[PDB]
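Colleague: Can you read through this structure? Questions will come right after.
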DNA sequence: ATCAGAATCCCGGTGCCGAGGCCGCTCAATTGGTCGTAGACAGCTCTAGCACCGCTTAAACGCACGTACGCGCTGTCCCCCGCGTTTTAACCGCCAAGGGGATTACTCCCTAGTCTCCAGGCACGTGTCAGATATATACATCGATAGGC
DNA sequence: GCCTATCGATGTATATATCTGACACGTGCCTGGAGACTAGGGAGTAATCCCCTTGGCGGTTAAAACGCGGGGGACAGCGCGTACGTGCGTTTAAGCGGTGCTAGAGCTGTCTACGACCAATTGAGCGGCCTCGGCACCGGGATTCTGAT
């Protein structure tokens, strides 16, 4: 368990995050605890999106998450759609939505 | 001083220092602050010229936030540049839709 | 004598688009700011300039929203602005979910 | 004979295309248009196979969102047809010019 | 050439959340871009916050407050919790 | 007390250049200072991102030129670019 | 005290916006919109203040929060 | 006939059924007839902005080929971040 | 087309405090020198972007007809608007605590920086399984028909 | 004037069958991360000064609030006619396979100017303090809009 990610209990890297912070000119002295926190946050968000997209894949009888499933997961959820609202997912399409005025009677 | 050497009134040295303490890049070239100061001076001159023209049209001899707002919103390019800015104590440009006016 | 419905309205539009003052009253807005803030952290002090800036931003935002609302009203061949107009204007801007 | 009515086939088209990720503008004409829009800014310019595809994806995403806003402006004015006034309003409220 | 990506880490997270579900190369290319974008947003907010307070360091706290500012309410409240867990049991060892 | 800096004198010299007899109020002074700061940070962040994009570590005049071309509008990015090039040229001419 | 934003105040705000005639239901909608706006802009000012070990919400915090939401305010400290 | 062809202006190459298809993905039931030459102009303007920014990116790097990263950067400079095509 | 008559313009006197100078001072910019990484510059490889033709084939185009949606008109109504009147609290002017922001100096631990060492991380090459794609089914959506009720 | 049986017209969804192309997994390697250690300054601490927000009082005015009449606009209904949808047959060009070339991306290696740091010096620039003129105002006339004659 020599890796910092092992001590942090995260799958996302901590050394890579620290290197990116240092070489990104974000500040002149990156703290030792910042990479762990940021890696944990990114892992949390990735897990949230992936778990929401896999449910859509299951509902569509698919064993592979394609961009459609990611689009459905992000746009359906209110918080993710708020964070990723003004962002385009390539080959994601649009949410099915037809409005009451247009439907026939 | 580099400001006189560059033929500017804006501060080249302070622009260099601010580019340096802002973490923008590890290294800052010699010509970057001169160019940035020249561009800033040109933009300031443009805004001040239009604002002073507006103040003269209003007979005010001192530019006030209202004149700055009028100058910015009357010029298309400056309005695009300052398009999501809200100049304090500036007001709104006079505009009433034709439908609202009586026939 | 009396003025017809609409003419003094035009006079007020020509009056208030010509000034640069703050239309909302200062003290009620101050109280609103503090009661909103208390929901996040208790007993927060405010710099006078902080509330002044908040008021200026709020008036600017509301005036721009009312401009969009008026455009929406004119779209429907109406001169009255209605809540649906504000809803449409805020939505198109993406401000409303 | 069998004759569907104004708007009956349209709804099936909406359901079909809203369920698909396919790129609804054909690639070659859009590529040509991209190159000639790029040729006013700089001559002797080449494009990768993926740059044009990214441009097209962004373009139809933008246009689809704009058409959603246009339909909603149309419904605002008690209409089902989307007209150029609707697009102009839906781009004015969002600040684009 | 030599190129780096987050793909393997996203795939391990996938195996945790959904051990039986796979992912395409395009979905992975989208998830990697998402991770990078969120990284840049949070890091830039933290850097600006350090600049505001005349500081010169990005600590775990500045990341916490950038998370609070950026992420929505519920996502922010869960992300701060799990990040605090990670940092506290990292510093424990 | 503290020691604060502002772009208040240089703006006041540019004002004398454009309009020799016009003045500026304190609120307008602060507004112009905020404008200068905002433009500075915009054109510096754009240059920093451009340097990062090309695996670059130095912010030189070329980055500032291209950032002024990306950020500023069509006709306002022409006179500004010419002025910057002139300033750089005459600065490098003199020692 | 959201009712403190009086009907005539909203009417004046509408007149400065070019509105000629206002429905009677506009006022509550405007008050709600203003409350959401203020909540959004103060939840960030209070965070900028909490991170600083300050109990006073300065104009700089408000300016930073407003700039963060794409609303740059000139003249109040920036 | 076996002489030459019209050489259509290619902003017309974005044909009527293509614009109609885009509208139908947007949830539009009925469409006007004057909304095609307006959609063409809107798309053209959008492309001019994005391509000008991406060609500035390309020129700064001293390249003759417009990379996908240039397009992504140009889009992200305008609040239109594109996921999946680089970055 | 016309008057009287509210409501902004126009003008002169007043006068208050903020903009515009002038000074003392310090700390930040400038000059001069040295050193080291970094970047323009030459060179070579070969990836992939450029045009074209050939061939298929589904989308696009042109045209006809019919229906329904848009637009103008009319009429009823109610709900806003403009004025008067009475009520409320915002504004301001002043004084006064005292809580909290900003400084100061001291001090210790956290982070950059260096060197060594090796295991995590992807390119490359791979086998096979999810999914594209079918055409078959079987079953709904939908005028159109014409029956009483 | 229904709306309810019912047609035969098309569309969608679901069923099993066989491929491929792209997705997992493994292999070998190396470049970046981990483990030592150092020096040093950035952040935390306590302590002090003093601005500055808070709350209180009183007065006075403006503004907000409530009520009224009435007229102008929102809304429903109706009719007309042109535009848009839908289907047919025919024509056009996109899509994918070729062909061939070569410009240009991307790598290494070189080396030398530009810049990063330090130290000593000095003057630009900031604040203290001061003053004089301009603008907000106040009230008085003329003016231009107007509102029913």
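Protein chains in written order, with the authors' numbering: chain G, 14 to 118; chain C, 16 to 118; chain E, 39 to 135; chain A, 38 to 134; chain H, 29 to 121; chain D, 28 to 122; chain F, 25 to 102; chain B, 16 to 102.
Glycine included, C-beta positions come from ideal geometry on N, C-alpha and C.
DSSP puts residue 98 of chain F in a beta bridge; with which residues?
Modeller: Here residue 98 of chain F is taken as the residue at index 74 of the seventh chain, counted from 1. C:102, per the DSSP bridge assignment.
Colleague: Using beta-carbon positions only, say whether residue 81 of chain C and residue 58 of chain E come within less than 8 Å of one another.
Modeller: Stepping through the second chain from its first residue, residue 81 of chain C is reached at position 66. Stepping through the third chain from its first residue, residue 58 of chain E is reached at position 20. Result yes, Cβ atoms of residue 81 of chain C and residue 58 of chain E sit closer than 8 Å.
Colleague: Give me the DSSP bridge partner(s) of residue 84 of chain A.
Modeller: Stepping through the fourth chain from its first residue, residue 84 of chain A is reached at position 47. Partner(s): B:81.
Colleague: Between residue 82 of chain H and chain B, is any beta-carbon pair separated by less than 8 Å?
Modeller: Taking the fifth chain and counting its residues from 1, one reaches residue 82 of chain H at position 54. Not closer than 8 Å to any Cβ of chain B, the Cβ of residue 82 of chain H fails to qualify, so no.
Colleague: Quick one: measure Cβ to Cβ for residue 78 of chain E and residue 67 of chain F, integer angstroms, because I've assumed they're closer than 8 Å.
Modeller: Walking along the third chain from the start, residue 78 of chain E turns up at place 40. Walking along the seventh chain from the start, residue 67 of chain F turns up at place 43. Their Cβ separation, rounded to whole angstroms, is 6 Å, which keeps residue 78 of chain E and residue 67 of chain F in contact under 8 Å.
Colleague: Just the C-alpha distance for residue 27 of chain G and residue 98 of chain B, rounded to the nearest angstrom, thanks.
Modeller: On the first chain, residue 27 of chain G is found 14 positions in, with the first residue counted as 1. On the eighth chain, residue 98 of chain B is found 83 positions in, with the first residue counted as 1. Rounded to the nearest angstrom, the two C-alpha atoms are 24 Å apart.
Colleague: How about residue 110 of chain C: is its C-beta nearer than 8 Å to some C-beta of chain F?
Modeller: Position 95 of the second chain, counting from 1, holds the residue named residue 110 of chain C. Output row for residue 110 of chain C: interface = yes.
Colleague: Got a sec: which bits of the stretch 48-81 of chain H sit with their beta carbon under 9 Å from any beta carbon on chain B, in order along the chain?
Modeller: Flagged, chain order: 54, 55, 57, 58, 59, 60, 61, 62, 64 and 65.
Colleague: Taking DSSP as the reference, what is the three-state secondary structure of residue 76 of chain G?
Modeller: Within the first chain, the letter at position 63 stands for residue 76 of chain G. Coil, per DSSP.
Colleague: Only counting the same chain, and skipping five residues up and downstream in sequence, which positions put a Cβ closer than 7 Å to that of residue 105 of chain G?
Modeller: Numbered from its first residue, the first chain carries residue 105 of chain G at position 92. 80, 81, 83 and 84.
Colleague: Hey, residue 52 of chain G and residue 97 of chain G: beta-carbon distance below 8 Å or not?
Modeller: The count along the first chain starts at 1 and reaches residue 52 of chain G at position 39. The count along the first chain starts at 1 and reaches residue 97 of chain G at position 84. Contact: no.
Colleague: Run through chain E and tell me which residues come within less than 9 Å of residue 79 of chain F, C-beta to C-beta.
Modeller: Taking the seventh chain and counting its residues from 1, one reaches residue 79 of chain F at position 55. Ordered by position in chain E, the residues that pass the 9 Å Cβ test against residue 79 of chain F are 79, 81, 82 and 83.
Colleague: Kindly give me the distance between the Cβ atoms of residue 86 of chain D and residue 44 of chain C, rounded to whole angstroms, as I take these residues to be in contact under 8 Å.
Modeller: Within the sixth chain, the letter at position 59 stands for residue 86 of chain D. Within the second chain, the letter at position 29 stands for residue 44 of chain C. About 6 Å; that satisfies the 8 Å criterion.
Colleague: So with CB distances below 7 Å, who are the chain E contacts of residue 105 of chain C?
Modeller: The residue labelled residue 105 of chain C in the question sits at position 90 within the second chain. Within 7 Å Cβ-Cβ: 58.
Colleague: Taking only runs that begin and end inside the stretch 42-115 of chain D, name each unbroken alpha helix (DSSP H) of 4 or more residues, in chain order.
Modeller: 53-80 and 88-98
Colleague: Since residue 74 of chain A contacts residue 91 of chain B with CB under 8 Å, what's their CB separation in whole angstroms?
Modeller: Reading the fourth chain from its first residue, position 37 is the one you call residue 74 of chain A. Reading the eighth chain from its first residue, position 76 is the one you call residue 91 of chain B. Actually they do not touch by this definition, with Cβ atoms about 19 Å apart.
Colleague: Between C:101, C:33 and C:112, which lies nearest to residue 111 of chain E when the distance is taken from Cα to Cα?
Modeller: Taking the first residue of the third chain as position 1, residue 111 of chain E is located at position 73. The option with the nearest alpha carbon to residue 111 of chain E is C:112.
Colleague: With a cut-off of 8 Å, does the C-beta of residue 118 of chain B fall near any C-beta of chain G?
Modeller: Any answer about residue 118 of chain B is impossible in this case: the structure gives chain B only from 16 up to 102.
Colleague: Whether or not the stretch 108-119 of chain H and the stretch 33-50 of chain D are in contact is what I'm after, with contact meaning three or more pairs of Cβ atoms, one per stretch, closer than 8 Å; do they touch?
Modeller: no
Colleague: Terminal residues of the continuous alpha helix (DSSP H) containing residue 74 of chain F?
Modeller: Taking the seventh chain and counting its residues from 1, the one referred to as residue 74 of chain F is at position 50. That run of the alpha helix (DSSP H) goes 50-74.
Colleague: What does residue 114 of chain G reach in chain H if we use C-beta pairs closer than 8 Å?
Modeller: Position 101 of the first chain holds residue 114 of chain G. Residues of chain H with a Cβ closer than 8 Å to the Cβ of residue 114 of chain G do not exist; the shortest Cβ-Cβ separation is about 31 Å.
Colleague: With DSSP as the reference, label residue 30 of chain F as helix, strand or coil.
Modeller: On the seventh chain, position 6 is the one that residue 30 of chain F refers to. Three-state result, residue 30 of chain F: coil.
Colleague: Cβ closer than 7 Å: which chain D residues qualify as neighbours of residue 96 of chain F?
Modeller: Taking the seventh chain and counting its residues from 1, one reaches residue 96 of chain F at position 72. Here the neighbours are 65.
Colleague: How is the alpha helix (DSSP H) around residue 31 of chain A delimited, first residue to last?
Modeller: Absent from the structure is residue 31 of chain A, since the part of chain A shown begins at 38 and ends at 134.
Colleague: Where DSSP assigns a beta bridge to residue 118 of chain E, which residues make up the other side?
Modeller: Locating residue 118 of chain E in the third chain gives position 80, where the first residue counts as 1. BP columns for residue 118 of chain E point to F:45.
Colleague: So does the stretch 56-76 of chain D actually touch the stretch 18-38 of chain B, counting three or more Cβ pairs closer than 8 Å?
Modeller: no
Colleague: State the DSSP-derived secondary structure class of residue 144 of chain A, mapped to helix, strand or coil.
Modeller: Nothing about residue 144 of chain A can be read from this structure; chain A reaches only from 38 to 134.
Colleague: Give every residue of the same chain whose Cβ lies closer than 7 Å to the Cβ of residue 33 of chain D, excluding the five residues on either side of it in the sequence, and list them in chain order.
Modeller: As a position in the sixth chain, residue 33 of chain D is number 6, starting the count at 1. Excluding positions up to five away in sequence, the list reads 60.
Colleague: Go ahead and label residue 44 of chain F buried or exposed: buried means 16 or more other beta carbons lie within 10 angstroms of its beta carbon, across all protein chains shown.
Modeller: Locating residue 44 of chain F in the seventh chain gives position 20, counting from the first residue. Burial call: buried.
Colleague: For residue 59 of chain G, which residues in chain H fall below 7 Å Cβ to Cβ?
Modeller: As a first step, residue 59 of chain G must be located in the first chain, where it is residue number 46. Residues of chain H passing the Cβ test: 38, 41, 59 and 63.
Colleague: Just to check my reading of the structure: residue 70 of chain C and residue 58 of chain D have Cβ atoms closer than 8 Å, yes? What is that Cβ distance to the nearest angstrom?
Modeller: Residue numbering aside, residue 70 of chain C sits at position 55 when the second chain is read from its first letter. Residue numbering aside, residue 58 of chain D sits at position 31 when the sixth chain is read from its first letter. About 14 Å; that fails the 8 Å criterion.
Colleague: With DSSP run on the structure shown, which of helix, strand or coil describes residue 30 of chain H?
Modeller: Your numbering for residue 30 of chain H matches position 2 in the fifth chain. It is coil, neither helix nor strand.
Colleague: If contact is defined by three or more beta carbon pairs under 8 Å, each pair taking one atom from either stretch, is the stretch 45-55 of chain E in contact with the stretch 101-112 of chain D?
Modeller: no
Colleague: Name, going along the chain, the residues of the stretch 83-110 of chain E whose beta-carbon falls closer than 8 Å to a beta-carbon of chain A.
Modeller: 106, 109 and 110
Colleague: If you measure from the beta carbon of residue 74 of chain A to each beta carbon in chain E, is any gap under 8 Å?
Modeller: Taking the fourth chain and counting its residues from 1, one reaches residue 74 of chain A at position 37. Not a single C-beta of chain E is nearer than 8 Å to the C-beta of residue 74 of chain A.
Colleague: Here's the rule I'm using: 16 or more other beta-carbon atoms within 10 Å means buried, otherwise exposed. How should residue 14 of chain G be labelled?
Modeller: Numbered from 1 along the first chain, position 1 holds the residue referred to as residue 14 of chain G. Label assigned to residue 14 of chain G: exposed.
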